[PDB]
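Engineer: I'd like to ask you about the structure that follows.
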Ligand SMILES: Nc1ncnc2c1ncn2[C@@H]1O[C@H](CSCC[C@H](N)C(=O)O)[C@@H](O)[C@H]1O
Ligand SMILES: [Zn+2]
Ligand SMILES: [Zn+2]
Ligand SMILES: [Zn+2]
């Protein structure tokens, strides 16, 4: 997971939103030791979400847990803290994480 | 208290006398074929190159060299036994060669 | 590649002669005498081959050279 | 002493010959059948009066006898019933079993035995290494205090526990009168017991075990020999291997050398160190241990494991002191990831809420543990929220309210911690 290559390089997510996608992936997996500044733990979390080592029954990967996230509150907090309009970007990240480079 | 009692080691000479009987009973070549072949080629290189050496010529050379070395060690063993020793030394080798006429 | 005549091999060769103990300095001496003997026989075989107008040394040249040195070898077409 | 021969025999299944787990084990030359079996050149020497073939005797020049190989009938020139068939003919020396003062049953010579004479063939089941390991684990679970294994050769052992012969009762002597030797009988290997010297009637027959413990603990030797080393095993061991568990010891900065040094300095100089057991912590070792700052994250994980495991006051004191020496921020971030605050809450609680110690010493502990809490980098109360250690701090400042420096330090600490925000965590659907 710490390697030179990146999971999100095979998706439509821009590199400026890679930490946003990794924070979504880490918060979706119910991790609590995670800190925003720790990029390594973010990469481990997104790697275990997209390529789990022990997937559950009839599930290829843990991407289905993203549907429990409340993206609206996350977009509201992003707009409050950083003055970024990213409401559609969270949806695009979610769709790309669930299926990397669909046929549109 | 699950330890194991060790069988200890043999006296110096017992395994020597065993392997003496074993090698004096069997007749295979004792020098490895490929290093001897390389050595013969290295010696032959000094006179004129591009000299091919049939496998039968190398085998005949190996047999003659082994016979010569075995005879020399028998004579050197007689020399060592004569000097009330059981270990052969280079001085016995030189003396055996001297009396044989090989060394001037 | 004179070091190719390894220490267990020369130990085995001494063991066939009935030798019980081996000095640590003897191995270089045996390598030297083996080199001298091989040098002489190889030289004689090479000049035999050169007289025979050939480019490949055959077993007959080797057996000839050895028999000319009083070390007649049986079993190789002599 | 009264004879115990039949009583000793009833304790196990008596064997007349070695049994094999399989036909491949125990074969001579690693199973390479020497079809040209080693035939002695001895001429058969038949005494016409007794009709006994005296060939291959003790003072004869039988090469096979010298090389510790037995003649086989129908293959050797010595003929049948030569004097080098001691194993096969089972011509054991006469022996008896007597109860010793401390060693249990022991073997004694019923008759005077000459030098180099064959005493008795060690008998047992020939087994492989895996079978040996399984049986060893089973016997150690059974608590057996007696060795019954001998190494026939590499990967091949002989077990004398359930089945064997009288030779299993021979006791170790550091100056033994007998010795075990390895011989070749046909295409098989045997282990015999021979007389090292002249032995008189009634004397005990003993041999040097040369124990390979395979990590087992030393057993004290009560042979009574003046040259006794005091323990079974040519493997200096004593207790210079572990005093505390490996993660806990490495958490304190101790290693195999530091665990060696303490025991070597005191136990060898007439001062008591208990047998290896981590249920009881030796406070003196922990106090005397040297402390160096931590700069490795695996060592931090071992420290966290030690905090989660060890209950001792002194080990926690020295770990906290080592953390005080430690100032690498990355190791501290790892400890935060490991939730060191959670462990430090319990470490506090056990000492300054439960009271197994003295108030002054507990005060010194609290002053020695507040400092690194004040010093570690912190950026968000999400870190503390994984422990709620602030609650423990309030409880202990309220309990020890008379000790005002602790209260003021905890005031400063909670004031500093309250300035931190909380890391945002995305709400999940319900
Ligand atoms: N000199 C000695 N002092 C104390 N125990 C001894 C000893 N020699 C041998 N032993 C013990 O005896 C074991 C070997 S089996 C020997 C027979 C058995 N002890 C019995 O009396 O039935 C060893 O494991 C060792 O623990
Ligand atoms: Zn014999
Ligand atoms: Zn015999
Ligand atoms: Zn002893």
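So for chain B, numbering is Swiss-Prot's, and the shown residues are 33-136, in order.
Yeah, the Cβs are placed from backbone N, Cα and C, and that goes for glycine too.
Feature table excerpt (Swiss-Prot):
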{"type": "MOD_RES", "residues": "B:38", "note": "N6-methyllysine"}
{"type": "MOD_RES", "residues": "B:57", "note": "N6-(beta-hydroxybutyryl)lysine"}
{"type": "MOD_RES", "residues": "B:57", "note": "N6-succinyllysine"}
{"type": "MOD_RES", "residues": "B:57", "note": "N6-crotonyllysine"}
{"type": "MOD_RES", "residues": "B:57", "note": "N6-(2-hydroxyisobutyryl)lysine"}
{"type": "MOD_RES", "residues": "B:57", "note": "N6,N6,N6-trimethyllysine"}
{"type": "MOD_RES", "residues": "B:80", "note": "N6,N6,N6-trimethyllysine"}
{"type": "MOD_RES", "residues": "B:116", "note": "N6-acetyllysine"}
{"type": "MOD_RES", "residues": "B:123", "note": "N6-glutaryllysine"}
{"type": "MOD_RES", "residues": "B:123", "note": "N6-(2-hydroxyisobutyryl)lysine"}
{"type": "MOD_RES", "residues": "B:123", "note": "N6-methyllysine"}
{"type": "MOD_RES", "residues": "B:123", "note": "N6-acetyllysine"}
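Describe the structural context of each listed feature in the structure shown, including burial, neighbouring residues and relevant distances.
Structural biologist: Annotation for residue B:38 (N6-methyllysine): no same-chain Cβ neighbours under 8 Å separated by at least 6 residues are found.
Proximity of residue B:57 (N6-(beta-hydroxybutyryl)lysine) to non-local residues of its own chain (separation of 6 or more, Cβ distance below 8 Å) is seen for none. For the recorded site, residue B:57 (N6-(beta-hydroxybutyryl)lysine), the DSSP three-state label reads helix.
Taken residue by residue with DSSP, residue B:80 (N6,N6,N6-trimethyllysine) is part of neither helix nor strand, so it is coil. The Cβ of residue B:80 (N6,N6,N6-trimethyllysine) has no same-chain neighbour under 8 Å that is 6 or more residues away in sequence.
Non-local contacts of residue B:116 (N6-acetyllysine) by the CB criterion (under 8 A, 6+ apart in sequence, same chain) are absent. According to its DSSP assignment, residue B:116 (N6-acetyllysine) is coil.
All protein chains included, residue B:123 (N6-glutaryllysine) registers 16 other Cβ atoms within 10 Å of its own Cβ.
Under DSSP, residue B:123 (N6-glutaryllysine) is assigned to a helix (H, G or I) in the three-state scheme.
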Engineer: For chain D, give the subset of the modified residues B:38, B:57, B:80, B:116, B:123 whose C-beta is less than 8 angstroms from one of that chain's C-beta atoms, in sequence order, otherwise 'none'.
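Structural biologist: Sorted by position along the sequence, the hits are B:38, B:57.
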Engineer: My list of modified residues is B:38, B:57, B:80, B:116, B:123; which of them have a Cβ under 8 Å from any chain C Cβ, in sequence order?
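Structural biologist: Near chain C, the qualifying modified residues are B:80.
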